[PDB]
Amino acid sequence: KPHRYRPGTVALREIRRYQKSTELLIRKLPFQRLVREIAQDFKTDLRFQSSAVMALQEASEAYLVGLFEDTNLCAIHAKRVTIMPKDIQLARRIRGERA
């Protein structure tokens, strides 16, 4: 029998690893492509300082991470350990984002 870690173990390993670091977690380019695309709908042929795109990524991830923490609490309130869309939904509604 080869060596397999049990479901959840590596996950917990990952929680510990990413809560310990500060690195950006989304790939730069894919992210920068998204930004420009969205911006493109409000104004055409826009240029971006490299730092502007960096602020947006820093704010976006802090935002998502923070949202995942609230969503996790909603999953646990339902006595689950798996976050679901309805958990994200409830968190945004209580925050006044969906309300």
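Note that residue numbering follows the sequence shown and begins at 1.
Participant: Per the record, averaged over C-alpha atoms, which has the higher B-factor: 37 to 45 or 62 to 70?
Facilitator: Of 37 to 45 and 62 to 70, the stretch with the higher C-alpha B-factor average is 37 to 45.
Participant: So where's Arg17 on the chain's Cα temperature factor ranking, which third?
Facilitator: Its C-alpha B-factor belongs to the middle third of this chain's values.
Participant: Consider only the C-alpha atoms of the modelled residues in this chain, order them by B-factor as the entry records it, and name the third containing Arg4: lowest, middle or highest.
Facilitator: Its C-alpha B-factor, which the entry lists for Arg4, ranks in the highest third among residues of this chain.
Participant: C-alpha B factor of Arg95, ranked within the chain: lowest, middle or highest third?
Facilitator: Its C-alpha B-factor, which the entry lists for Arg95, ranks in the middle third among residues of this chain.
Participant: Within this chain's modelled residues, let me know which third the CA B factor of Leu29 belongs to: lowest, middle or highest.
Facilitator: As the PDB entry reports it, the C-alpha B-factor of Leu29 lands in the highest third of its chain.
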